[PDB]
$ cat target-v7.pdb   # PDB, C-alpha atoms (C1' of nucleotides)
ATOM      1  CA  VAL A   1     -41.816 -55.313  -1.212  1.00  0.00           C
ATOM      2  CA  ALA A   2     -44.464 -54.315  -3.752  1.00  0.00           C
ATOM      3  CA  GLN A   3     -44.516 -55.596  -7.332  1.00  0.00           C
ATOM      4  CA  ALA A   4     -46.977 -54.695 -10.087  1.00  0.00           C
ATOM      5  CA  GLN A   5     -47.351 -56.542 -13.391  1.00  0.00           C
ATOM      6  CA  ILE A   6     -49.670 -55.341 -16.155  1.00  0.00           C
ATOM      7  CA  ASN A   7     -50.170 -57.329 -19.360  1.00  0.00           C
ATOM      8  CA  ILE A   8     -51.951 -55.498 -22.176  1.00  0.00           C
TER
ATOM      9  CA  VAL B   1     -38.412 -52.177  -2.747  1.00  0.00           C
ATOM     10  CA  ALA B   2     -41.111 -51.382  -5.305  1.00  0.00           C
ATOM     11  CA  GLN B   3     -41.106 -52.564  -8.920  1.00  0.00           C
ATOM     12  CA  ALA B   4     -43.543 -51.581 -11.669  1.00  0.00           C
ATOM     13  CA  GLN B   5     -43.925 -53.412 -14.981  1.00  0.00           C
ATOM     14  CA  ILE B   6     -46.222 -52.173 -17.746  1.00  0.00           C
ATOM     15  CA  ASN B   7     -46.712 -54.072 -21.005  1.00  0.00           C
ATOM     16  CA  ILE B   8     -48.504 -52.191 -23.783  1.00  0.00           C
TER
ATOM     17  CA  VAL C   1     -34.959 -49.568  -4.377  1.00  0.00           C
ATOM     18  CA  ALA C   2     -37.575 -48.360  -6.858  1.00  0.00           C
ATOM     19  CA  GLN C   3     -37.663 -49.559 -10.467  1.00  0.00           C
ATOM     20  CA  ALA C   4     -40.076 -48.538 -13.224  1.00  0.00           C
ATOM     21  CA  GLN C   5     -40.500 -50.326 -16.554  1.00  0.00           C
ATOM     22  CA  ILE C   6     -42.780 -49.037 -19.310  1.00  0.00           C
ATOM     23  CA  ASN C   7     -43.282 -50.844 -22.619  1.00  0.00           C
ATOM     24  CA  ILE C   8     -45.041 -48.895 -25.370  1.00  0.00           C
TER
ATOM     25  CA  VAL D   1     -49.966 -42.053 -29.875  1.00  0.00           C
ATOM     26  CA  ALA D   2     -47.867 -43.551 -27.082  1.00  0.00           C
ATOM     27  CA  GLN D   3     -47.276 -41.889 -23.712  1.00  0.00           C
ATOM     28  CA  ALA D   4     -45.021 -43.092 -20.896  1.00  0.00           C
ATOM     29  CA  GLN D   5     -45.187 -41.872 -17.297  1.00  0.00           C
ATOM     30  CA  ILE D   6     -42.778 -43.036 -14.595  1.00  0.00           C
ATOM     31  CA  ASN D   7     -43.046 -41.906 -10.973  1.00  0.00           C
ATOM     32  CA  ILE D   8     -40.130 -42.774  -8.692  1.00  0.00           C
TER
ATOM     33  CA  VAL E   1     -53.214 -45.314 -28.453  1.00  0.00           C
ATOM     34  CA  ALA E   2     -51.142 -46.792 -25.628  1.00  0.00           C
ATOM     35  CA  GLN E   3     -50.604 -45.094 -22.268  1.00  0.00           C
ATOM     36  CA  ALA E   4     -48.432 -46.304 -19.390  1.00  0.00           C
ATOM     37  CA  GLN E   5     -48.613 -45.005 -15.820  1.00  0.00           C
ATOM     38  CA  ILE E   6     -46.251 -46.155 -13.070  1.00  0.00           C
ATOM     39  CA  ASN E   7     -46.612 -44.984  -9.470  1.00  0.00           C
ATOM     40  CA  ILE E   8     -43.747 -45.831  -7.117  1.00  0.00           C
TER
ATOM     41  CA  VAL F   1     -56.458 -48.503 -27.063  1.00  0.00           C
ATOM     42  CA  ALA F   2     -54.470 -50.001 -24.189  1.00  0.00           C
ATOM     43  CA  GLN F   3     -53.961 -48.277 -20.838  1.00  0.00           C
ATOM     44  CA  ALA F   4     -51.861 -49.492 -17.910  1.00  0.00           C
ATOM     45  CA  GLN F   5     -52.084 -48.151 -14.358  1.00  0.00           C
ATOM     46  CA  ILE F   6     -49.757 -49.287 -11.574  1.00  0.00           C
ATOM     47  CA  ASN F   7     -50.235 -48.087  -7.996  1.00  0.00           C
ATOM     48  CA  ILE F   8     -47.464 -48.974  -5.548  1.00  0.00           C
TER
ATOM     49  CA  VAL G   1     -45.225 -58.226   0.421  1.00  0.00           C
ATOM     50  CA  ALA G   2     -47.877 -57.272  -2.132  1.00  0.00           C
ATOM     51  CA  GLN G   3     -47.950 -58.618  -5.688  1.00  0.00           C
ATOM     52  CA  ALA G   4     -50.415 -57.751  -8.451  1.00  0.00           C
ATOM     53  CA  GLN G   5     -50.805 -59.636 -11.731  1.00  0.00           C
ATOM     54  CA  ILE G   6     -53.104 -58.415 -14.503  1.00  0.00           C
ATOM     55  CA  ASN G   7     -53.797 -60.381 -17.684  1.00  0.00           C
ATOM     56  CA  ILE G   8     -55.737 -58.653 -20.462  1.00  0.00           C
TER
ATOM     57  CA  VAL H   1     -59.703 -51.818 -25.765  1.00  0.00           C
ATOM     58  CA  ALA H   2     -57.765 -53.196 -22.798  1.00  0.00           C
ATOM     59  CA  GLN H   3     -57.442 -51.435 -19.442  1.00  0.00           C
ATOM     60  CA  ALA H   4     -55.339 -52.618 -16.502  1.00  0.00           C
ATOM     61  CA  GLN H   5     -55.573 -51.266 -12.955  1.00  0.00           C
ATOM     62  CA  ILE H   6     -53.294 -52.435 -10.144  1.00  0.00           C
ATOM     63  CA  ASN H   7     -53.908 -51.284  -6.571  1.00  0.00           C
ATOM     64  CA  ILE H   8     -51.169 -52.150  -4.080  1.00  0.00           C
TER
ATOM     65  CA  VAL I   1     -48.805 -61.003   2.116  1.00  0.00           C
ATOM     66  CA  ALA I   2     -51.378 -60.075  -0.525  1.00  0.00           C
ATOM     67  CA  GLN I   3     -51.386 -61.467  -4.064  1.00  0.00           C
ATOM     68  CA  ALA I   4     -53.849 -60.821  -6.889  1.00  0.00           C
ATOM     69  CA  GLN I   5     -54.123 -62.733 -10.164  1.00  0.00           C
ATOM     70  CA  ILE I   6     -56.424 -61.699 -13.010  1.00  0.00           C
ATOM     71  CA  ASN I   7     -56.809 -63.770 -16.177  1.00  0.00           C
ATOM     72  CA  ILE I   8     -58.773 -62.223 -19.043  1.00  0.00           C
TER
ATOM     73  CA  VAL J   1     -62.701 -55.239 -24.413  1.00  0.00           C
ATOM     74  CA  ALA J   2     -60.759 -56.692 -21.484  1.00  0.00           C
ATOM     75  CA  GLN J   3     -60.327 -54.901 -18.157  1.00  0.00           C
ATOM     76  CA  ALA J   4     -58.479 -56.032 -15.031  1.00  0.00           C
ATOM     77  CA  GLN J   5     -58.953 -54.553 -11.559  1.00  0.00           C
ATOM     78  CA  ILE J   6     -56.721 -55.491  -8.627  1.00  0.00           C
ATOM     79  CA  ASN J   7     -57.504 -54.352  -5.084  1.00  0.00           C
ATOM     80  CA  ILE J   8     -54.841 -55.043  -2.459  1.00  0.00           C
TER
ATOM     81  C1'   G K   1     -47.397 -51.124   0.417  1.00  0.00           C
ATOM     82  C1'   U K   2     -43.337 -52.792   4.312  1.00  0.00           C
ATOM     83  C1'   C K   3     -38.092 -48.519  -1.776  1.00  0.00           C
ATOM     84  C1'   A K   4     -31.735 -45.689  -1.162  1.00  0.00           C
TER
END
$ encode --input "target-v7.pdb" --output "structure tokens"
Amino acid sequence: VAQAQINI
Amino acid sequence: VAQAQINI
Amino acid sequence: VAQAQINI
Amino acid sequence: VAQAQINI
Amino acid sequence: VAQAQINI
Amino acid sequence: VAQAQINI
Amino acid sequence: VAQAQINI
Amino acid sequence: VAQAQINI
Amino acid sequence: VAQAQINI
Amino acid sequence: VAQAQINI
RNA sequence: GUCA
């Protein structure tokens, strides 16, 4: 399981 | 399972 | 399962 | 300009 | 300008 | 300018 | 499992 | 300018 | 398991 | 300018 | 990246 979170 | 979240 | 979320 | 690219 | 790139 | 790159 | 969190 | 790079 | 947290 | 780099 |  791979999760990516980008806040911008 | 792979999830991608982009906030811009 | 592959999910993609793009916010722009 | 806003561009969205989803690869899945 | 806002660009979103998701690789999955 | 805001750019988001997700590699998964 | 691999998780990535970016805050900017 | 805000740039986010996730490698996973 | 690999987790990365970036605050900026 | 704020940049986030995640290596994993 | 361990996702049909």
$ residues_around --input "target-v7.pdb" --residues "residue G:4" --least-positions-apart "5" --cutoff "7 Å" --atoms "all atoms listed in the file" --output "PyMOL selection string"
(chain A and resi 3-5) or (chain H and resi 6) or (chain I and resi 3-5) or (chain J and resi 6)
$ resolve_selection --input "target-v7.pdb" --expression "the PyMOL selection byres ((chain K and resi 3) around 8)" --output "ChimeraX atom specification"
/A:1 /B:1-2 /C:1-2 /K:4
$ atom_distance --input "target-v7.pdb" --atom1 "atom CA of residue C:8" --atom2 "atom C1' of residue K:1"
26.0 Å
$ axis_aligned_box --input "target-v7.pdb" --around "chain C" --padding-each-side "4 Å" --output "JSON"
{"center_x": -40.0, "center_y": -49.6, "center_z": -14.9, "size_x": 18.1, "size_y": 10.5, "size_z": 29.0}
$ decode --input "target-v7.pdb" --residues "chain I" --atoms "N, CA, C and O atoms" --output "PDB file, in the first residue's frame"
ATOM      1  N   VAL I   1       8.014  -0.785   6.401  1.00  0.00           N
ATOM      2  CA  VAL I   1       7.171   0.404   6.380  1.00  0.00           C
ATOM      3  C   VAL I   1       8.014   1.675   6.380  1.00  0.00           C
ATOM      4  O   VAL I   1       8.898   1.845   7.218  1.00  0.00           O
ATOM      5  N   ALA I   2       7.732   2.565   5.434  1.00  0.00           N
ATOM      6  CA  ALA I   2       8.462   3.822   5.327  1.00  0.00           C
ATOM      7  C   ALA I   2       7.507   5.011   5.307  1.00  0.00           C
ATOM      8  O   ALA I   2       6.626   5.097   4.452  1.00  0.00           O
ATOM      9  N   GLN I   3       7.688   5.926   6.254  1.00  0.00           N
ATOM     10  CA  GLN I   3       6.841   7.109   6.345  1.00  0.00           C
ATOM     11  C   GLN I   3       7.682   8.381   6.350  1.00  0.00           C
ATOM     12  O   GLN I   3       8.727   8.444   6.996  1.00  0.00           O
ATOM     13  N   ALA I   4       7.218   9.394   5.625  1.00  0.00           N
ATOM     14  CA  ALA I   4       7.927  10.665   5.547  1.00  0.00           C
ATOM     15  C   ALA I   4       6.992  11.834   5.841  1.00  0.00           C
ATOM     16  O   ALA I   4       5.915  11.941   5.254  1.00  0.00           O
ATOM     17  N   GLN I   5       7.410  12.706   6.752  1.00  0.00           N
ATOM     18  CA  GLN I   5       6.608  13.866   7.124  1.00  0.00           C
ATOM     19  C   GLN I   5       7.412  15.153   6.975  1.00  0.00           C
ATOM     20  O   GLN I   5       8.468  15.311   7.588  1.00  0.00           O
ATOM     21  N   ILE I   6       6.905  16.070   6.158  1.00  0.00           N
ATOM     22  CA  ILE I   6       7.575  17.344   5.930  1.00  0.00           C
ATOM     23  C   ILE I   6       6.675  18.515   6.309  1.00  0.00           C
ATOM     24  O   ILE I   6       5.576  18.663   5.777  1.00  0.00           O
ATOM     25  N   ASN I   7       7.150  19.345   7.231  1.00  0.00           N
ATOM     26  CA  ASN I   7       6.389  20.505   7.681  1.00  0.00           C
ATOM     27  C   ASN I   7       7.104  21.801   7.313  1.00  0.00           C
ATOM     28  O   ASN I   7       8.168  22.109   7.851  1.00  0.00           O
ATOM     29  N   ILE I   8       6.512  22.557   6.395  1.00  0.00           N
ATOM     30  CA  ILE I   8       7.092  23.821   5.957  1.00  0.00           C
ATOM     31  C   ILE I   8       6.099  24.621   5.120  1.00  0.00           C
ATOM     32  O   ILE I   8       6.482  25.376   4.227  1.00  0.00           O
TER      33      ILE I   8
END
